[PDB]
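Backbone-built Cβ (ideal geometry, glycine too); neighbour counts: all protein chains shown. Derivation of every value follows stated rules applied to the coordinates shown; laboratory data play no part.
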Number of protein chains: 2
Amino acid sequence: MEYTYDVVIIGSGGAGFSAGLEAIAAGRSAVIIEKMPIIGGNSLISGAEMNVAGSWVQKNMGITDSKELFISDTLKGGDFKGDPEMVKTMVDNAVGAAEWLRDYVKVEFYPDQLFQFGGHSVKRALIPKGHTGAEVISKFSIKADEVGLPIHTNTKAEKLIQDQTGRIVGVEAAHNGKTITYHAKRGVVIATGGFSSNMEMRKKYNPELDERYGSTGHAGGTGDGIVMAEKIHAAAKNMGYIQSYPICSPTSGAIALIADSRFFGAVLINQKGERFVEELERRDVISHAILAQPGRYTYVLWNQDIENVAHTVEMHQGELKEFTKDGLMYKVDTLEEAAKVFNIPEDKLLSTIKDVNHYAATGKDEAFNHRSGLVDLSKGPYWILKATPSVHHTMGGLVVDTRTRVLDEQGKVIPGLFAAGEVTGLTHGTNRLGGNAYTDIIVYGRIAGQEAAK
Amino acid sequence: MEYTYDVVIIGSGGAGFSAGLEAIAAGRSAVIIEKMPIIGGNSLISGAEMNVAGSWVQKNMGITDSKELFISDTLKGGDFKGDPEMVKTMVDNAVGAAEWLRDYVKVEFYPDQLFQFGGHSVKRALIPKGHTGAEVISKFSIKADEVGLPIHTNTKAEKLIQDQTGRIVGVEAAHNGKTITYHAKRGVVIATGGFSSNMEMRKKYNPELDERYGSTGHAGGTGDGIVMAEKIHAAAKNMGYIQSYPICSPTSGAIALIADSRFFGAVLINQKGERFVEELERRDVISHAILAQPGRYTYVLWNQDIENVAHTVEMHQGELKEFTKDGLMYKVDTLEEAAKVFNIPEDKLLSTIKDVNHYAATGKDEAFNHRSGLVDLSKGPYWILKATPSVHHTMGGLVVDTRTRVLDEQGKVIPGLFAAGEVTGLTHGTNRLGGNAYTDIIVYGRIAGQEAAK
Ligand SMILES: Cc1cc2nc3c(=O)[nH]c(=O)nc-3n(C[C@H](O)[C@H](O)[C@H](O)COP(=O)(O)OP(=O)(O)OC[C@H]3O[C@@H](n4cnc5c(N)ncnc54)[C@H](O)[C@@H]3O)c2cc1C
Ligand SMILES: Cc1cc2nc3c(=O)[nH]c(=O)nc-3n(C[C@H](O)[C@H](O)[C@H](O)COP(=O)(O)OP(=O)(O)OC[C@H]3O[C@@H](n4cnc5c(N)ncnc54)[C@H](O)[C@@H]3O)c2cc1C
Ligand SMILES: O=C(O)CCc1cnc[nH]1
Ligand SMILES: O=C(O)CCc1cnc[nH]1
Ligand SMILES: [Cl-]
Ligand SMILES: [Cl-]
Ligand SMILES: [Cl-]
Ligand SMILES: [Cl-]
Ligand SMILES: [Cl-]
Ligand SMILES: [Cl-]
Ligand code: NA
Ligand code: NA
């Protein structure tokens, strides 16, 4: 079996959907091939918070921002190793990308809530309805069906087809045990995501991130797009720069979005019943703090008063059920019971919380200088969750220009080949800031579809 | 020639002076041996700002602090690698150490000024009169003369003398081309400082910090105390953790205390005439930002309005003269002349400063989010200084217990041997916070003299 389209996109995350919608809108034929039985990749299970300087939400909330500050925050976040033009193009197109999600894809964002991730000087992360990528992928899917963009699931790209001039002209993929050839008349877009779930590739480029760590990502995040492109001499860079997320399941590796109560007053308690890090410190600081605690894990503790403002339990009920079944989370009436279920010393926990309650009343955290203010924890019920860092995002990957064209080992454009999203390696330097992956995947996914369709 | 004292102290910095005053006050005989012709080491040329949680100055200024916060700030600053008991003992004794400098040594501190170094949650660094260690060392010297503590300059310790039981019982030192034996009846205190000025030792433990970098320290900061102690099987740790300071002379390596105008509104301008980092970011962030700029240097620019509040020119006139003679600093009437002297593009500098002036008026730095507020730079005169990072402090060194006893490679106390100050390696983890070296050297210098005199 063979198929022919103008634009063949590999991957059904935010980058691939953005490329596909743009290629169809340009009047070209296009397909997305997706190796899993379901669409959306890590973009689906993402928090999907998306940084934008100058958004309609910031305006509603009276928050001023600037592209210059977003650029400088981003470059500094990655230890000044990111490509400045890639960061500039991401920031310059972020407003348009978010307005396009709103107006064309019909993604609903809260009009009056934002997250401030570590390294950001102002609150700037837009929040999709539901606080996950479910809203984004479900709306992308509906729009794709409306506009006539086909998505072939259970179809794994295995080889790029390169003609005698060096142009990439198609993809060989596996489906139901057979090879299918996808001819691409105008371009191939690699939108395959990262390699957080490829243990051997992690260990090759960053030996510390071995079997001691889980992955927050889906099973399909295995680096296939880098491997396929390297076979035709695409360059890669920054492959050793791999980040973890601090608050993840010790059993499955999954992120704990339910623990976004950390942004609303939840406290981090170690096995000794003590507070050990400011709960809103920079992401890697929190991870390193947790790894310095007994057992290399933390507890996250909060109450109903926090849930009534944060809604992270209501929004992440699958996590509640799974973490509870795994013995990693408990809902308890009292602090005494919270200590009992996890063998935390009771007197130390109670003394810690007495201090928290005082700091909440005064607004002055005399132990860790919590930046936004603690909330009284004297009254339950409470959730307590056990968490540890897990591998989360691979900042390295393919070398592209700001037009998403993939470059070879001498910096020459490989005709017909584009790449966008976490598969690329030039935007985030040594360390991606929270909320900046979604900005990257939409901005560059759109550009890739536009360029491939030319 | 031989001498006999109860306590023989090697080094005339803050650690050695603190040990010597305590040994004499305990009723014991003591001497300080100093290899240079002048006293004071790096403690003399230090800014000598000294962190204390709960000081009389904080009380005068209405600033609340806590030992818990100082401990947590410090441990986090060193990536959770510092010894928690060493940090706790430093913090627990900091108030007493500073009050002792004030009341016993007669050091004068400003009653109503503090510095907030990177990583500190609140302003907590006491400032000696003159904003340098000149006040500290000059007062220590006067007190030493009053109490009868001799200091033998031009006397270089070369070998610790160890008896057949393993006890350290003296020091062999060189003076005027001859060896002098110092018998120590009760103890030897190693207070020799760091190794920022030993190129071969830097390259051995941290190969990046090679001849491309200067040192901010005096020529005597060569690691001799570590070498002498290792010869008798003292343990060392953390030797590869070596920090730089961002704003130093490209010619001599010296720190630019005159550029403490950065705490009062001075801006950092690259060769292109642009602002590239928040001027009050964490120290290493500023260093990395500078190394990412063209030429791996920055300019520091400020005006008379800033000097009239900061006084960093008035307080550091030797630096003014030396940096000016070296072609690294200019005093100019106008921004146009500031651009000319360093070949900075004029239009870019003027546009940068127009933005700064607007951000100063609104209090909102839309480029880098300056945390304390910019100051209008429309009116001169101006100073402009060229600066680059230089090697500054060696966090590693000898293994001690909290009683300053030096431990061997199996963790056993070496009888008769104590160490204090930058020569030790367990307090600061991977990264010492600004102002914490002075706290360490006084607290542990006092303990070393007390313990050695027992
Ligand atoms: C749990 C979680 C939470 C996150 N939260 C946030 C957040 O709030 N904000 C933020 O900015 N970032 C966040 N991130 C990161 C961000 O979600 C991802 O980096 C981004 O969604 C990746 O988008 P993508 O389009 O590059 O790849 P993906 O969304 O991973 O899509 C790639 C797709 O390609 C498919 N594919 C791979 N190989 C092949 C092949 N050989 N053939 C066919 N198909 C293939 C995959 O199966 C997958 O469906 C989060 C990540 C995770 C895992
Ligand atoms: C320019 C500068 C600015 C600084 N600013 C600050 C600041 O504001 N706040 C802060 O907390 N820290 C600061 N630091 C760091 C801090 O000043 C030093 O870490 C601290 O002063 C070192 O004290 P010490 O007693 O361990 O050693 P030193 O003060 O260096 O004294 C050691 C002495 O031992 C002598 N010695 C060495 N080997 C031998 C030998 N073989 N025989 C005899 N004598 C020997 C040396 O010659 C020297 O005089 C600064 C450092 C520098 C260089
Ligand atoms: O990885 C990111 O960009 C943010 C992770 C996240 C945590 N809570 C929501 N999103
Ligand atoms: O190295 C330190 O602890 C601070 C350096 C400093 C800069 N200005 C005054 N002191
Ligand atoms: Cl909000
Ligand atoms: Cl961060
Ligand atoms: Cl974050
Ligand atoms: Cl002050
Ligand atoms: Cl710092
Ligand atoms: Cl600092
Ligand atoms: Na990447
Ligand atoms: Na040291």
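Could you check, for region B:240-258, whether at least one of its residues is away from ligand 4 (no atom under 15 Å from the Cβ), more than 14 Å from chain A (Cβ to nearest Cβ), surrounded by fewer than 21 Cβ atoms within 10 Å (Cβ to Cβ) and on the phi > 0 side of the Ramachandran plot? Walk me through how you get there before you give the answer.
Applying the first criterion (away from ligand 4 (no atom under 15 Å from the Cβ)) to region B:240-258 yields B:240, B:250-252.
From what's left, more than 14 Å from chain A (Cβ to nearest Cβ): B:240, B:250-252.
Now narrow it down to the ones that are surrounded by fewer than 21 Cβ atoms within 10 Å (Cβ to Cβ): B:240, B:250-252.
Next cut, on the phi > 0 side of the Ramachandran plot only: none.
No.
Filter region A:47-92 down to the residues that are of a type in the set (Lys, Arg), more than 10 Å from chain B (Cβ to nearest Cβ) and crowded, with 17+ Cβ neighbours inside 10 Å and list them by number.
Keep residues of region A:47-92 that are of a type in the set (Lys, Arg), which gives A:59, A:67, A:76, A:81, A:88.
If we keep only those that are more than 10 Å from chain B (Cβ to nearest Cβ) too, we end up with A:59, A:88.
Scanning region A:47-92 gives a single hit, A:88.
Name the residue, out of B:280, B:268, that is within 26 Å of residue B:340 (Cβ to Cβ), touching a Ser or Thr at 6+ places or on another chain (Cβ under 9 Å) and within 14 Å of chain A (Cβ to nearest Cβ). Break it down stepwise before answering.
Values: B:280 fails: within 26 Å of residue B:340 (Cβ to Cβ).
Of B:280, B:268, the one residue that is within 26 Å of residue B:340 (Cβ to Cβ), touching a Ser or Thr at 6+ places or on another chain (Cβ under 9 Å) and within 14 Å of chain A (Cβ to nearest Cβ) is B:268.
Applying the selection to region B:316-373, what residues are part of a helix (DSSP H, G or I) and within 30 Å of residue B:135 (Cβ to Cβ)?
Step one: list which residues in region B:316-373 are part of a helix (DSSP H, G or I), which gives B:317-325, B:335-341, B:346-362.
Within region B:316-373, B:317, B:318, B:319, B:320, B:321, B:322, B:323, B:324, B:325 qualify.
Would you pick out the residues in region B:93-110 that are under 12 Å from residue B:55 (Cβ atoms) and buried (at least 19 other Cβ atoms within 10 Å of the Cβ)? First the steps, then the outcome.
Of the residues in region B:93-110, the ones under 12 Å from residue B:55 (Cβ atoms) are B:94-99, B:101-102, B:109-110.
The answer is B:94, B:97, B:98, B:101, B:109.
Out of A:223, A:217, I need the residue that is touching a residue at least 24 places away in the same chain (Cβ under 8 Å) and in contact with a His (Cβ under 8 Å, 6 or more places away or on another chain). Which one?
Working: A:223 fails: in contact with a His (Cβ under 8 Å, 6 or more places away or on another chain).
A:217 is the lone residue from the list that is touching a residue at least 24 places away in the same chain (Cβ under 8 Å) and in contact with a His (Cβ under 8 Å, 6 or more places away or on another chain).
In this structure, is residue A:34 buried (at least 24 other Cβ atoms within 10 Å of the Cβ), farther than 27 Å from residue A:401 by Cβ and either in contact with a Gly (Cβ under 7 Å, 6 or more places away or on another chain) or within 14 Å of chain B (Cβ to nearest Cβ) (or both)?
Numbers: buried (at least 24 other Cβ atoms within 10 Å of the Cβ): yes; farther than 27 Å from residue A:401 by Cβ: no; either in contact with a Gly (Cβ under 7 Å, 6 or more places away or on another chain) or within 14 Å of chain B (Cβ to nearest Cβ) (or both): yes.
Criteria not met by residue A:34.
On the given criteria, is residue A:107 in contact with a strand residue (DSSP E or B) (Cβ under 9 Å, 6 or more places away or on another chain), more than 14 Å from every other protein chain (Cβ to nearest Cβ) and more than 16 Å from ligand 8 (Cβ to nearest atom)? Outline the logic, then answer.
Values: in contact with a strand residue (DSSP E or B) (Cβ under 9 Å, 6 or more places away or on another chain): yes; more than 14 Å from every other protein chain (Cβ to nearest Cβ): yes; more than 16 Å from ligand 8 (Cβ to nearest atom): yes.
Against the criterion (in contact with a strand residue (DSSP E or B) (Cβ under 9 Å, 6 or more places away or on another chain), more than 14 Å from every other protein chain (Cβ to nearest Cβ) and more than 16 Å from ligand 8 (Cβ to nearest atom)), residue A:107 qualifies.
Can you name the helices (runs of 4 or more DSSP H) wholly within region B:4-96 that have at least 3 residues being under 19 Å from residue B:448 (Cβ atoms)?
Answer list for region B:4-96: B:14-25, B:41-45, B:84-92.
So which pairs qualify, if the first residue must be in region A:245-261 and in contact (Cβ under 8 Å) with a residue 40 or more places away in the chain, the second must be in a strand (DSSP E or B) and within 16 Å of ligand 5 (Cβ to nearest atom), the Cβ gap must be under 9 Å, and the two must be at least 6 apart or on different chains?
A:260/A:115
Within region A:178-195, which residues are in contact (Cβ under 8 Å) with a residue 24 or more places away in the chain, of a type in the set (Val, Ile, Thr) and out of contact with any helix residue (DSSP H, G or I) (no Cβ under 9 Å at 6 or more places or on another chain)?
Going through region A:178-195, the residues in contact (Cβ under 8 Å) with a residue 24 or more places away in the chain turn out to be A:178, A:180-195.
Of the ones still in play, those that are also of a type in the set (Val, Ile, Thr) are A:180-181, A:188-190, A:192.
The answer is A:180, A:181.
Under 7 Å between Cβ atoms, which residue pairs at least 6 apart in sequence (or on different chains) link something in region A:365-388 that is within 14 Å of chain B (Cβ to nearest Cβ) with a partner that is of a type in the set (S, T, N, Q)?
Listed by first residue and then by second, the contacts come to A:366/B:66; A:367/B:72; A:368/B:72; A:369/B:121.
Filter region B:237-256 down to the residues that are of a type in the set (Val, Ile, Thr) and part of a loop (DSSP other than H, G, I, E, B) and list them by number.
Step one: filter region B:237-256 for residues of a type in the set (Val, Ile, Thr), giving B:242, B:247, B:251, B:255.
B:251, the sole residue that qualifies.
When you look at residue B:275, is it touching a residue at least 12 places away in the same chain (Cβ under 8 Å), touching a helix residue (DSSP H, G or I) at 6+ places or on another chain (Cβ under 9 Å), on the phi < 0 side of the Ramachandran plot and within 14 Å of another protein chain (Cβ to nearest Cβ), yes or no?
On the way: touching a residue at least 12 places away in the same chain (Cβ under 8 Å): yes; touching a helix residue (DSSP H, G or I) at 6+ places or on another chain (Cβ under 9 Å): yes; on the phi < 0 side of the Ramachandran plot: yes; within 14 Å of another protein chain (Cβ to nearest Cβ): yes.
Judged against the criteria, residue B:275 is a match.
Could you list, in sequence order, the residues of region B:283-307 that are more than 21 Å from residue A:68 (Cα to Cα), in a helix (DSSP H, G or I) and more than 10 Å from chain A (Cβ to nearest Cβ)?
Within region B:283-307, B:283, B:295, B:296, B:304, B:305, B:306, B:307 meet the criteria.
Where the second residue is part of a strand (DSSP E or B) and the first is of a type in the set (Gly, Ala, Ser) and lies in region B:108-129, which pairs have Cβ atoms under 9 Å and are six or more apart or on separate chains?
Correct list of pairs: B:125/B:50; B:125/B:51; B:125/B:114; B:125/B:115.
For region B:164-213, which positions are part of a strand (DSSP E or B) and β-branched (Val, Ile, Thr)? Can you show your working first?
Taking region B:164-213 as the starting set, the residues that turn out to be part of a strand (DSSP E or B) are B:168-175, B:178-190.
Those that are part of a strand (DSSP E or B) and β-branched (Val, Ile, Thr): B:168, B:169, B:171, B:179, B:180, B:181, B:188, B:189, B:190.
Being hydrophobic (A, V, I, L, M, F, W, C) and touching a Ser or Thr at 6+ places or on another chain (Cβ under 6 Å) is true for just one of B:190, B:151, B:180, B:168. Which residue is that? Please lay out each step first, then the result.
Values: B:190 fails: touching a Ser or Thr at 6+ places or on another chain (Cβ under 6 Å); B:180 fails: touching a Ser or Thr at 6+ places or on another chain (Cβ under 6 Å); B:168 fails: touching a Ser or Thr at 6+ places or on another chain (Cβ under 6 Å).
Answer to the check: B:151.
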